[PDB]
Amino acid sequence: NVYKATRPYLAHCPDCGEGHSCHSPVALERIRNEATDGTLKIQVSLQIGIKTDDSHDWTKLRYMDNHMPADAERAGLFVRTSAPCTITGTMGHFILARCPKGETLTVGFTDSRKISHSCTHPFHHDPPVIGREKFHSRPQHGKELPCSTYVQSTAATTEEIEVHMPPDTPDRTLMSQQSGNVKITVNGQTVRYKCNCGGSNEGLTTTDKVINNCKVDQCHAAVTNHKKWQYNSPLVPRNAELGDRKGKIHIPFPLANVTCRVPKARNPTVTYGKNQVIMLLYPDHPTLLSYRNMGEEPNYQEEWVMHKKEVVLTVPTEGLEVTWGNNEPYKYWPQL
């Protein structure tokens, strides 16, 4: 288990809801759109499929609640652009989702208390067309074409991310006004403090300390996290004590070259004439229509056919090649 060392964290999010910035427990790190099929590899601050006790459980996800990690339901997790996305794979900091045409991306969840936490980032999502036909549903039988996707396999063996020790977590609840002096309650934690008064103003303490002749607003206290690991996030500050001390962990769902099945458009009704070919097209979805001459001057012409259209094409002595969507190219030659 790799999740015993790593922990979920709180990071910056530009839109937590209504266009307001917050320290989100579901903050977006990196969105990968390298897959040609349309599958997105989303990176978040929380961990999915792991409980607070580090044990694996697909029905649960762990998020950072104020200062301590807490458990949340998997069913509450949602991904959306302009309309809700179809979830395909979830393990650790990573999410696999098939999204429709959108301008932004939102990743949300529901915690222990029924309160919705979401993070919105401006991401232009418009996956390219595989083949020559703009279809909606995936077919069981069709033309086999090369495409790339992030494999739904939970095992991590190829790709990796950088991990380091978390920075000093600031906490104002550590300091209290004891009559007219500052009282720092350690509570079994290594606390790093600094005061705007004389004497023992700063240092790294493991026990309770009392700052004489000082006010609560004049002091700053922080909890040190040296026992756990955290992703090298640009949304989280670097640890002040350690230099370039880093570690690395293998990440699930790597990119691999696969095969995408595409449907072939129905053959149009064809009629012939003197060095001319007439095709009565009937598309069910947007279909690419391309043609070229089989001689010295090819003169390539292409058009995306949307609905019922009649096409008049010229057939020279050298020949004419016509390609209707994902179908094999039709070849035409004149008689005599």
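All residue numbers are counted from 1 along the displayed sequence.
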Mean C-alpha B factor from the entry: is it higher for 124-132 or for 200-208? 200-208
Which is higher on mean Cα B factor in this entry, 52-60 or 271-279? 52-60
Go through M165, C147, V186, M175 one by one and give the residue whose Cα B-factor in the PDB entry is largest. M165
Can you tell me which of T169, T190, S112, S233 has the highest Cα temperature factor in the record? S112
For the chain shown, is the CA B-factor of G102 in the lowest, middle or highest third of its modelled residues? middle
How does the C-alpha B factor of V44 compare with the rest of the chain: lowest, middle or highest third? lowest
Going by the recorded CA B-factors, say which third of the chain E328 sits in, lowest, middle or highest. lowest
Record-listed C-alpha B factor of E296: chain third: middle
Classify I95 as lowest, middle or highest third according to the C-alpha B-factor given in the PDB entry, relative to its own chain. lowest
